[PDB]
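Below: the structure, in structure tokens.
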Amino acid sequence: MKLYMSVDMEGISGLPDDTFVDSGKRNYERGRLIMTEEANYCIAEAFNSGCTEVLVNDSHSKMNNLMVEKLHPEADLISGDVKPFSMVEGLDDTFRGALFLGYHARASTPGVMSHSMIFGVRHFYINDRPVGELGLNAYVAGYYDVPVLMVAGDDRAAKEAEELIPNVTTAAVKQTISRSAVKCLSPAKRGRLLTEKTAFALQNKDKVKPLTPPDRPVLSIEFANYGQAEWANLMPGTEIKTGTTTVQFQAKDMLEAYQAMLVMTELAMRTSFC
Amino acid sequence: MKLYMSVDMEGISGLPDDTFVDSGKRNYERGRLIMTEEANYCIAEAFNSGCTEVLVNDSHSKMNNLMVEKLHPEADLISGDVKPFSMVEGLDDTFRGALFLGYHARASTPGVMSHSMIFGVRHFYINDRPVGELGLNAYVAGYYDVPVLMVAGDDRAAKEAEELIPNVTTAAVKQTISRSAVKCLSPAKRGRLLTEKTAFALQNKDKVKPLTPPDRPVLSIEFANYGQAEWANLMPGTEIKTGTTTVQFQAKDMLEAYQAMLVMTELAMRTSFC
Amino acid sequence: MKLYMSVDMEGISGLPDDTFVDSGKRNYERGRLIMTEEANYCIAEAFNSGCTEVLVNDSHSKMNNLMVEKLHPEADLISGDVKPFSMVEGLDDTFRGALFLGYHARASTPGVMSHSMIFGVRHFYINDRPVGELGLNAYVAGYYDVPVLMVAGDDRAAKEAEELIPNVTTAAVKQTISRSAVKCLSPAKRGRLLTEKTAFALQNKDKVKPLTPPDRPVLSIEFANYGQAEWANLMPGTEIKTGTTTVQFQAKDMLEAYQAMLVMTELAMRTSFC
Amino acid sequence: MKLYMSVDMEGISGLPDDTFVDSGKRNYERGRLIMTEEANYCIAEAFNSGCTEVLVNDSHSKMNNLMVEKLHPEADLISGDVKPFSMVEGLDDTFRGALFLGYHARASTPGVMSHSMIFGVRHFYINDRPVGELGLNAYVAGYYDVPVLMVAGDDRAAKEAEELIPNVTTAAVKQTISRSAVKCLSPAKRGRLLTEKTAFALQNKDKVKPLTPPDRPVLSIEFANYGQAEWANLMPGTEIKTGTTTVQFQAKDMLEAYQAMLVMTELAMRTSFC
Amino acid sequence: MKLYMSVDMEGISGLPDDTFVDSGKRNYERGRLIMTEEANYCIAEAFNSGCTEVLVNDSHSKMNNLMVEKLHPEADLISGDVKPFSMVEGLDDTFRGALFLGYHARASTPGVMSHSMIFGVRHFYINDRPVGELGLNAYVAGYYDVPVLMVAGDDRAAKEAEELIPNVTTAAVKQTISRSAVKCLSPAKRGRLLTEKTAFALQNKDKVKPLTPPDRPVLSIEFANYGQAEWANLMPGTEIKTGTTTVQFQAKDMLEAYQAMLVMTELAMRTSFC
Ligand SMILES: [Zn+2]
Ligand SMILES: [Zn+2]
Ligand SMILES: [Zn+2]
Ligand SMILES: [Zn+2]
Ligand SMILES: [Zn+2]
Ligand SMILES: [Zn+2]
Ligand SMILES: [Zn+2]
Ligand SMILES: [Zn+2]
Ligand SMILES: [Zn+2]
Ligand SMILES: [Zn+2]
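Residue numbers (the working numbering), protein chains in the order written: chain A, 58 to 331; chain B, 58 to 331; chain C, 58 to 331; chain D, 58 to 331; chain E, 58 to 331.
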């Protein structure tokens, strides 16, 4: 059975702030080491639980964080950015399930290093339903009828996952105290947690269903300021909701909605004076 | 008659982006020159219209922008920051009226360089009523029973002013096209506009009333992310509205509410990972 | 009569290389001074020839080059970037004609500082017809039934203009020797040329017709490398022509085609390893 | 039994100056290594003495110093800043006792790297009683009826501790010679000292009582200069004692007094020209 | 009659913050221009009032601020640092009186840019009497039986002067609002004030007496932290008052006390971790 893995960084265990996730900062090298090892715990247990294939997609920033020379040798790594489907690149209907690792809470909510794709977004909406990276990626997984079996990260990401995906297995490797502070488990302790949770998730997979997205989903993105909204509103097919900093885009399907998100946020990232 | 002047920079005529208002950028020196001259037009007409005193308060960033060696010699300049009442420092009940120059639109709305005090705030609220710098400063002016006779800036700031202060005179020195683009009048052209508008404002002053604030106003600040809300929520007497990034503070009066704004935004400014 | 002006920098007289057009380089300040004065010659002659209104749109880079304090006082300046229609922002059907100043040759062809919007594009296509900034802007002018009366820049931009717009008046303020070298006229000499040419263009306006664009134009952009094509191909409604670095976009009208160009090139600008 | 641990850096053994505690300096990496190991000695002995839980709160600067990958695996680490209760975050009435590690002397007194929270404070006062970080944290511990069983650091911090908390156990890992010089014990030697002292502290716990704070404590902060006092005096409910650089704040309880300290010092930190 | 002038910068008119007095900051060049001109007003009036000689001593920082090429040609300028008597270098018993220009309030008290010699000192004491630069320089003037006829600076410096020197003439060129903010008079307005005040001071000189210092003055310096006290306590003849950050030095005369101040503060300036 093929298992898909999307690994982010903010939710990795032990990491309290961006000095561990920003490639240009002092604790980054330690961060990617811990990140790679955290993924190995899940990969190891994935194979040990019957999986014959495990696709690992680096889903953070430049997505060149996971160390290819230290990742589980029997796993296939997708490294690099500018991928057609970013965080869910390589995920198709041939996968038995998906596993989100090192995830964090969506923007504007409690949770360590909370945000959604870029600092500029406050909320993502798929037909009026509030979602973050977790939600959007789950919806893309749904498009391929692939269920999100497990989600690991801080306690807030776990809560956010289970409130969206029924019976989903969550692994809270750390507890959020503030947006830049957490109470975490020792690397070895989190390893057991992840090992057990991954095992249970794979055997309890039948109780989890794909997060089916609407046929012609309406993507809504609320940005922090009006400037970011103007930038995104440059993309054809978009419109700004008067009296707000929200930009909407009527998509043909979830896949088009995802890519519209990529482009709109990319444009918003160029906003100055903020 | 004593006239009070609060001069910001983003709304100054001819200025399209922050390269003209950020002391650390290439067009700053030209910006403060134009800013000082813009204020002189109003000061000159103020005296010409009978005013015996004109207090000019630099209300932008470090508030050391207006050039003391080029400002109207008969005017009194307040230069420097860390002032008890920031943008409205020096304003008391002994003034006949107030004049806001170089103002801009509040955060989250259309208007060149739109924002409210710091990049981190999305909305300011005084008893559920949406306001930005313009609103808050008007309310403090109201506390001293001083009416805001005139408000100058872009077309968006003007609109925002008149929708808050009945019969207020506005002078749109430039038209907003985007958050970093405008269609402006020549320096001399804006001068005439400001001269005429200032004259009319002073003679039509009887038709404008002070923006009286509530007795025990409730200050509400919605921040861009949860991290900024946590910082502000550190201040005694504050509370975060569950499910939001808004922090509230019950004040004794408008003056305490203003300072609470200064402190809460100052704290929010320290937020990292954004 | 209302006259629209789009002013770029590379084609301004006397400027041989990017040290005069890059805001971060040594000769930039002299460059924008010459640029502002060059525009004044045309503006002055525009009014002298009957025009009652002259809208000047800064169309270079951050578009904050023209100096508002030195531009003709009777002209209206659009300064700043992130404008819905970039180089042709503010142009509607109420204008008698358009005047392109300081223009340069399109990418991949002879001409000083030749390029099209960004360094990454090799060619722009509107229904298989090769065009650069000059062509695209002319087509947008055509959408509003406004004719391009005059085009000033180097000899190559002039040649490019006349091969696209019949009877158009051109003013070659300098001769191209290489992509970073030119034989130019003295500032005063170019002034006369521009003055005479602007006068003739306004009186010979009847002989020039709007460059009418197709109803549902197909925008094609050929990028320098495949990476830039992949970035642009992220935008919904786009497709890469197999075996090429060209991305196509079927637009509803010229206006949508223009904005699609803005977004696609903006995305391409992010391409690394080039 | 649950044991709470607050670990600072200046008082850590072997560390003579700030090159070992400032994340931006040459000896920082060695410093945090020694710091983590120093904490492990206490944690190990804590468990060995019966404790079932040990909460470790990084209480220095950005509080991301203790190394999660090297800390005792059976301990729970709180890493990160912007915590509601900074140095005493996570401390409640469910703890048997508290242990302060790597502490230093309060500002304005003898002791290596002496200070109180920020360089700008000279003295902290809780109802006229002189206290520093040690005192304030003890008082917050008192609010939860939790006694400070042990305090480790230099000889000056130890003396300061015992003069405030009767029968408290102190461990002087180093002797102060100057504010940036000390006579220290070898890493292994300090380890034994800490091991023995921690054991004795836990078994002699009955002789130590919580430092009960006043019901409505009055916080007083004397700053180095008047500028820092003005900044803090911006916070609602504060007042400057005429003729001094001291700012007072009447709190509802010790918890509000602590946060008022956090905010007032945070504001004072912004003071320029010092 | 010979007149002595000591010119500092913080108290100069129009200057709100250190960006105007720190040679390494953006507004310094404007600052020293205003400073030189401010001194010229007094020099001009000094000569116009009968004075035959005017010695001008640059008394700020590196003391190379006053511009020799723009200072009154008939005045003698002392430029440079490391002078035996710093701020009062060149002052002897052959002078009719002294004039302090651009002075500021002493450390730890209200007043724009308040401090005493270095940021590290909180208070200076001459036989238990609180004094700052103003006081110490007046005492040195007293040693030579020279009276301080006039003192110019902000309102706080003026107040401090008159509370120390009976009948002294003060000129408040600006009003203090905060340590980095003031309400100032136009350069020309301050000029008249200084001109009038200088004239009155010279003709009312008989009513002012020299601030005679004790025979064997005891210098006391209270520093911000203990580290600065330790540094100064290195100088032979010094002692730290237990329980404080104050260092005392028994001098033979006011001249020795002054130089002891120079050395003690110079040593304190080396203090790290502050
Ligand atoms: Zn993420
Ligand atoms: Zn991430
Ligand atoms: Zn503003
Ligand atoms: Zn501003
Ligand atoms: Zn161009
Ligand atoms: Zn250009
Ligand atoms: Zn400490
Ligand atoms: Zn510390
Ligand atoms: Zn001084
Ligand atoms: Zn000075």
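C-beta: ideal position from N, C-alpha, C; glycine also.
Below 8 Å on C-beta distance, what does residue i contact in chain E?
i	result
residue 237 of chain D	284, 329, 330
residue 80 of chain B	83
Please report the Cβ distance between residue i and residue j, rounded to the nearest whole angstrom; I am assuming they are in contact, meaning their Cβ atoms lie under 8 Å.
i	j	result
residue 54 of chain E	residue 132 of chain E	Outside the displayed range of chain E (58 to 331) lies residue 54 of chain E, so it cannot be described from this structure.
residue 188 of chain B	residue 163 of chain B	7 Å
residue 203 of chain E	residue 61 of chain E	7 Å
residue 142 of chain A	residue 197 of chain A	7 Å
residue 167 of chain A	residue 255 of chain A	About 26 Å separates the two Cβ atoms, so there is no contact after all.
residue 165 of chain B	residue 190 of chain B	Not really, about 13 Å apart at Cβ, beyond 8 Å.
residue 286 of chain C	residue 331 of chain C	Contact doesn't hold; Cβ gap of about 12 Å is too wide.
residue 78 of chain A	residue 72 of chain A	6 Å
Kindly list, in the order they appear in chain D, the residues whose Cβ is closer than 8 Å to that of residue i.
i	result
residue 209 of chain A	Result: empty, since nearest Cβ-Cβ is about 16 Å, beyond 8 Å.
residue 75 of chain E	329, 330
residue 245 of chain A	130
residue 167 of chain E	283
residue 146 of chain B	Within chain D, no residue comes near residue 146 of chain B; the closest Cβ sits about 12 Å away, beyond 8 Å.
Since residue i is in the alpha helix (DSSP H), which residue starts that stretch and which ends it?
i	result
residue 244 of chain C	244-260
residue 311 of chain B	311-325
residue 219 of chain E	212-219
residue 92 of chain A	85-105
residue 194 of chain E	190-200
residue 284 of chain B	283-289
For ligand 1, is there a heavy atom less than 6 Å away from the beta-carbon of residue i?
i	result
residue 190 of chain A	yes
Please determine whether the Cβ atom of residue i lies at a distance below 6 Å from any heavy atom of ligand 7.
i	result
residue 115 of chain D	no
residue 138 of chain D	no
With a threshold of 6 Å, establish whether the CB of residue i neighbours any heavy atom of ligand 8.
i	result
residue 174 of chain D	no
I'd like to confirm something about residue i: is its beta-carbon nearer than 6 Å to some heavy atom of ligand 3, or not?
i	result
residue 65 of chain B	yes
At a CB-CB cut-off below 7 Å, which residues of chain D make contact with residue i?
i	result
residue 228 of chain A	What residue 228 of chain A touches in chain D: nothing, since even the nearest Cβ is about 17 Å away.
residue 170 of chain E	330
Give me the chain B residues within the contact set of residue i, using Cβ-Cβ distance strictly less than 9 Å, ordered along the chain.
i	result
residue 179 of chain A	179, 281, 282, 302
For the beta strand (DSSP E) holding residue i, just list the boundary residues, first then last.
i	result
residue 300 of chain A	First-last for residue 300 of chain A: undefined, no H or E at that position.
residue 154 of chain B	154-160
residue 230 of chain B	226-235
residue 273 of chain A	Neither: residue 273 of chain A is in no beta strand (DSSP E) and is coded neither H nor E.
residue 62 of chain B	59-64
residue 129 of chain D	Here residue 129 of chain D belongs to no beta strand (DSSP E), and DSSP marks it neither H nor E.
Under 7 Å between beta-carbons, which chain B residues line up against residue i? List them in chain order, please.
i	result
residue 317 of chain D	293
residue 164 of chain A	282
Residue i versus chain A: which residues are under 7 Å apart at the beta carbon?
i	result
residue 176 of chain B	331
For residue i, return the contacting residues in chain A, with the cut-off set at a CB-CB distance below 9 Å.
i	result
residue 139 of chain C	284, 287, 288, 291, 327, 328, 329
Using a Cβ cut-off of 8 Å, pull out every chain C residue sitting near residue i, in sequence order please.
i	result
residue 320 of chain A	291, 292, 293, 320, 324
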